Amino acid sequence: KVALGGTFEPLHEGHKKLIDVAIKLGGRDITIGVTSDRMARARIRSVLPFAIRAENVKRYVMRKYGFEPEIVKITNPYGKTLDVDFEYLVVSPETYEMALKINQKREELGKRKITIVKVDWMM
């Protein structure tokens, strides 16, 4: 249903709003993408390993929503978004431009664009 990706370092209120919107749209279903260390460090001065960031997201979702989300490592900028016909792509101000690039690429490949849902996070 829903694609959501991020680095999640630190896990701040903006991320929390993003996760809330993604879960409301996608249910207990969702897989959350968490960037590899390489991808994280291109975008930020990241000092937490993938496993730590992924577990921080997993425990937060369990505390707040009562399920352990599926986490997948994002090793490239597109993730699964060129191959899966997601209903919604849930993004923040920091991931919005890449969402636009994902849709531009989908359209270039004859794929339907995904509806982008940008959760503004006042950070």
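Numbers for residues come from their place in the sequence shown, where the first is 1.
J.: Averaging CA B factors per stretch from the PDB record, which one is higher: 70-78 or 51-59?
T.: Higher mean C-alpha B-factor in the PDB entry: 70-78.
J.: State which stretch shows the higher mean Cα B factor in the entry: 97-105 or 13-21.
T.: Of 13-21 and 97-105, the stretch with the higher C-alpha B-factor average is 97-105.
J.: C-alpha B factor of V117, ranked within the chain: lowest, middle or highest third?
T.: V117: CA B-factor falls in the lowest third of its chain.
J.: Sorting the chain's modelled residues by C-alpha B-factor, tell me whether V34 ends up in the lowest, middle or highest third.
T.: According to the entry, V34 has a C-alpha B-factor in the chain's middle third.
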